[PDB]
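Written out below as structure tokens is the structure these notes cover.
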Amino acid sequence: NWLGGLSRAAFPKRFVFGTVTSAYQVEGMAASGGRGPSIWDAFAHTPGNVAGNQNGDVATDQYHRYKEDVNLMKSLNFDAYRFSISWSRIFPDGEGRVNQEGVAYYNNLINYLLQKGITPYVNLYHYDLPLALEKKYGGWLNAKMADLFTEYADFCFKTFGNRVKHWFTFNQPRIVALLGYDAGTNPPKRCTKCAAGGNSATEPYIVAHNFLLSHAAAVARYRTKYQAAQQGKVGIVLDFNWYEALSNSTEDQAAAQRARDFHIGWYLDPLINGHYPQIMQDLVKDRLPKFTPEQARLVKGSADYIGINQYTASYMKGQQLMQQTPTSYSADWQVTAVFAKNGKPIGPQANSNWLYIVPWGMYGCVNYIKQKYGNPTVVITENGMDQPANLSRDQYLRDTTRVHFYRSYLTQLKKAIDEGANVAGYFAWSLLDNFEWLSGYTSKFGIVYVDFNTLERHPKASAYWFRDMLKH
Ligand SMILES: OC[C@H]1O[C@@H](O[C@H]2[C@H](O)[C@@H](O)[C@H](O[C@H]3[C@H](O)[C@@H](O)[C@H](O[C@H]4[C@H](O)[C@@H](O)[C@H](O)O[C@@H]4CO)O[C@@H]3CO)O[C@@H]2CO)[C@H](O)[C@@H](O)[C@@H]1O
Ligand SMILES: OC[C@H]1O[C@@H](O[C@H]2[C@H](O)[C@@H](O)[C@H](O[C@H]3[C@H](O)[C@@H](O)[C@H](O[C@H]4[C@H](O)[C@@H](O)[C@H](O)O[C@@H]4CO)O[C@@H]3CO)O[C@@H]2CO)[C@H](O)[C@@H](O)[C@@H]1O
Ligand SMILES: [Zn+2]
């Protein structure tokens, strides 16, 4: 069957199914409704930064159309919706004055979701640092971010937490560190070569450390001030793509494990165990910040659940670990990613060049976290694939590859859960075609098609697949 035996009965009782968006990628009204600019507004408005010089000024206009979109997700039998709050829509300068119109938007969205029986899962941050904070403080390079973020989090807890019971602090701090401060291809465009300045060997580590400390501080505030009354939960969202040793050699198995540690362990070892992975300590040395005992105790156990964004997989090839002059976070791993084995590609690519369709990577990642980290509560917070630009409406709607993608990946997730993985939910990226960062509107991740001329929504085949699979 096109469902391939999948249904709600195939997953645990009360397992949560949802869809996901992020504020800058879908809201629009970027310079309206009192919203202050984020680092992404400045970046996207700079010629050459985004495909077609596009930006999120309008995006999908969810700001005006949110009731349509909530009605749609309910009609598709989802239980939950993961979305983010734009920090600069609430605090235009990132601190100080509250934009009441911004608060009203999120109140209206949250209240409508609840009215329609859809549980809000709310990210506080999804790349969209208020521009004022980047300029005034230097953003995530400044340890002061922990205070600034905690104050923002506190406001959101006080204002929405009587209704919102499932929070996340950050989204993919690895990608912020990597693209923002190693490669310099996402804002603030810092790197060793870069015009904005930077240092690809040091700054990614500073940035990751500050995300961890900020997360911990916000959760401490939640727990000491709000949790008794509100009885909700706060986690964090981390990207994890699977790494499989290219061969069974000692060097290749070591390489795969080293890649896992530099990718997910970077955040999970502090969050679960109260220290950075040993291999990162050994190789990165003085460039890896040291948690004080007090900080390590604040960070350890500070996530009520682990959000995992799972998309793809690669093989890893190793070599002799060698003494080398530091150049970058990326180079620190001392591995080589490989995308074929025995002359066969690991999987076909979706529109995004990085996205190889490898359903067994989902099993790989979930099983690994179960076995390595004491089976913490995991929520699959993003999973999905993209179509290319310039197709017809009907070609977008007949998204057979995406149907196959979800069936295959969810079957692999089911396999891991049946083997005892503590997975509490799954969220499809994305509800809607949207603004896909550097790709702008040239990458289509939605289960719902968005016509970017008219802004009309049209559910794709994959949307109806979910509707069938999820019927109560
Ligand atoms: O309907 C609106 C909209 O839908 C779009 O998507 C369609 C798919 O294109 C179409 O293939 C899909 O058909 C499903 C059908 O809904 C299922 O009921 C059926 O399941 C069978 C199954 O094949 C058996 O193996 C199993 O044992 O039993 C069940 C029946 O009980 O599977 C087929 C696919 O093979 O339905 C979607 C939603 O309608 C269309 O693309 C678009 O044209 C429509 O406007
Ligand atoms: O894009 C959809 C959606 O997903 C979330 O973010 C995406 C990013 O958009 C995308 O840039 C990022 O790309 C990763 C890729 O997944 C990794 O496999 C790859 O990893 C490297 C590793 O860093 C190297 O050190 C190692 O040697 O090799 C591996 C494999 O080549 O790195 C690239 C970036 O360089 O993937 C993200 C998801 O993982 C966002 O949440 C959402 O908003 C986006 O819309
Ligand atoms: Zn509008």
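Excluded from the calculations below are hydrogen atoms, water molecules and symmetry mates; all remaining heavy atoms, backbone and side chain alike, are included. Both counts, for ligands and for their atoms, begin at 1 and track the order of listing. In what follows, residues are counted from 1 in the order of the sequence shown.
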Parallel, tilted or perpendicular: which one describes the rings of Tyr406 and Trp465, with boundaries at 30° and 60°? parallel
Name the orientation class of the two ring planes belonging to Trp87 and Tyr125 (parallel below 30°, tilted from 30 to 60°, perpendicular beyond 60°). perpendicular
Numbered atoms of ligand 2 (with element) below 4.0 Å of [X], judged on heavy atoms:
{"X": "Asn171", "value": "41 (O)"}
{"X": "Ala337", "value": "28 (O)"}
{"X": "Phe339", "value": "31 (O)"}
{"X": "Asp239", "value": "39 (O)"}
{"X": "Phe445", "value": "1 (O), 2 (C)"}
{"X": "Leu178", "value": "23 (O), 34 (C), 35 (O)"}
{"X": "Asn309", "value": "41 (O)"}
{"X": "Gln25", "value": "42 (C), 43 (O), 45 (O)"}

Could you tell me whether [X] and ligand 2 have an N or O pair separated by under 3.5 Å?
{"X": "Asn241", "result": "yes"}
{"X": "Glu436", "result": "yes"}
{"X": "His263", "result": "no"}

My question is simple, although I want it checked carefully: is [atom] less than 4.0 angstrom from any protein heavy atom?
{"atom": "atom 31 (O) of ligand 1", "result": "no"}
{"atom": "atom 1 (O) of ligand 1", "result": "no"}
{"atom": "atom 42 (C) of ligand 1", "result": "no"}

Considering only NZ, NE, NH1 and NH2 on the basic side and carboxylate oxygens on the acidic side, decide whether [X] and [Y] come within less than 4.0 Å.
{"X": "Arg174", "Y": "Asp182", "answer": "no"}
{"X": "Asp399", "Y": "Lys444", "answer": "no"}
{"X": "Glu251", "Y": "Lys317", "answer": "no"}
{"X": "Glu382", "Y": "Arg82", "answer": "yes"}
{"X": "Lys74", "Y": "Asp79", "answer": "no"}

Within the 6.0 Å centroid threshold, strictly below: [X] and [Y]:
{"X": "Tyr66", "Y": "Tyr105", "answer": "yes"}
{"X": "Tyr305", "Y": "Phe168", "answer": "yes"}
{"X": "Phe427", "Y": "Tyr121", "answer": "yes"}
{"X": "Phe170", "Y": "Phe211", "answer": "yes"}
{"X": "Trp266", "Y": "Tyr329", "answer": "yes"}

Who's the nearest protein heavy-atom neighbour of [atom], and how far?
{"atom": "atom 11 (O) of ligand 2", "answer": "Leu179 CD1, 3.9 Å"}
{"atom": "atom 8 (C) of ligand 2", "answer": "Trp354 CZ2, 4.3 Å"}
{"atom": "atom 18 (O) of ligand 1", "answer": "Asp468 OD2, 4.5 Å"}
{"atom": "atom 39 (O) of ligand 1", "answer": "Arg467 NH2, 4.4 Å"}
{"atom": "atom 27 (O) of ligand 2", "answer": "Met316 CE, 3.9 Å"}
{"atom": "atom 35 (O) of ligand 1", "answer": "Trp2 CB, 3.9 Å"}
{"atom": "atom 44 (C) of ligand 1", "answer": "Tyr464 CE1, 4.8 Å"}
{"atom": "atom 9 (O) of ligand 1", "answer": "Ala461 CB, 4.6 Å"}
{"atom": "atom 22 (C) of ligand 1", "answer": "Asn1 ND2, 2.4 Å"}

Option among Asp239, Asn123, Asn309 that satisfies the side-chain hydrogen bond (donor to acceptor under 3.5 Å, both in side chains) test with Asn171: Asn309
Given side chains that start at C-beta, do those of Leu238 and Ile264 come closer than 4.5 Å, heavy atoms only? yes
Regarding [atom]: of the candidates [options], which has the closest heavy atom?
{"atom": "atom 26 (C) of ligand 2", "options": "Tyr24, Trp429, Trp333", "value": "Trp333"}
{"atom": "atom 7 (C) of ligand 2", "options": "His126, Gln172, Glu382", "value": "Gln172"}
{"atom": "atom 4 (O) of ligand 2", "options": "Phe240, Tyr329, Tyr311", "value": "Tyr311"}

Testing the 3.5 Å rule here: is there a donor-acceptor pair between the side chains of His458 and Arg393? no
Keeping the roles fixed (side chain from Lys116, backbone from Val70), state whether a donor-acceptor pair exists under 3.5 Å. no
With a 3.5 Å distance limit and no angle check, can you tell me whether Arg8 reaches the backbone of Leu470 through a side-chain donor-acceptor pair? yes
Honestly, for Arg174 the part within reach of ligand 2 (heavy atoms, under 4.0 Å) is side chain
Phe262 and ligand 2 - part of the residue with a heavy-atom distance under 4.0 Å: neither
Can you tell me, to 10 degrees, how wide the angle at the Zn ion (ligand 3) is between ND1 on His64 and OD2 on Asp61? 120°
Of all the heavy atoms in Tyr243, does at least one lie under 4.0 Å from an atom in ligand 2? yes
